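In the form deposited in one PDB entry, a lone chain appears below as structure tokens.
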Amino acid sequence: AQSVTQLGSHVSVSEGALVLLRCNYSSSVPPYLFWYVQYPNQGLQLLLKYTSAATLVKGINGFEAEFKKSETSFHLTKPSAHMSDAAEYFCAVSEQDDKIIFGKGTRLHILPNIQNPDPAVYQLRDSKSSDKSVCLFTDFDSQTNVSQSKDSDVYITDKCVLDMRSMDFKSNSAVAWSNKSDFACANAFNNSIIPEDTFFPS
């Protein structure tokens, strides 16, 4: 019964902190082991592999992994999490002397260090002369998360992190919108726990 197990479909790390993605395998004889990365919108790239040579294996970009037979592990590490490390990571193992079998994958989410949060809910208007708008919740730190909508006619996206290279500046945001007359940006995020100091302009 040869398999490979990764723990958690989605995991978080603080920007700047140790990256640790776990992998264990079930083969009795030590297998070959592989770590692949899939950056958003792309195919698979090999980071590193264990091929019964060194047990500490080094990869590209400061990634490394130690093969530990006694705990049947091959955990991928990197010393410091950068925003560009956001991707999905797959551990894989040789099987039946004839193929590689893949783990289910773990997506790494990097939580930006937001030193001076400025939570706010803004209203944005359509560039064309409709009476249409959306609501933008932005500039909150790591301790805020956005809930799904409670009203079927109000749409709310997941939080998304943008990295403005021009000002070396990262920020979180979520978008909400609705086709209703009822709908005000003051109420758009009422099902989310928002910072007590969120800015709501007039």
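The term rigid core refers to the most C-alpha atoms you can superpose between the two forms while keeping them within 1.5 Å. From 1 onward, residues are counted along the sequence shown. Only residues modelled in both forms are compared.
Keep in mind the form deposited with a partner chain bound is missing from the figure; the text below concerns it.
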Can you pick out, from 28, 61, 55, 143, the residue that has a heavy atom within 4.5 Å of the partner chain in the deposited bound form? 28
In the deposited bound form, is there a heavy atom of the partner chain that lies within 4.5 Å of any heavy atom of residue 51, even though the partner is absent here? yes
Should residue 115 be counted as a contact of the partner chain in the deposited bound form, where contact means heavy atoms within 4.5 Å? no
If you fit the two forms on their rigid core, which residue out of 61, 148, 28, 52 shows a CA shift of at least 2 Å between the shown form and the other one? 28
For a shift of 2 angstroms or more at every C-alpha, which runs of three or more consecutive residues qualify between the shown form and the other one, with the core superposed? 28-30
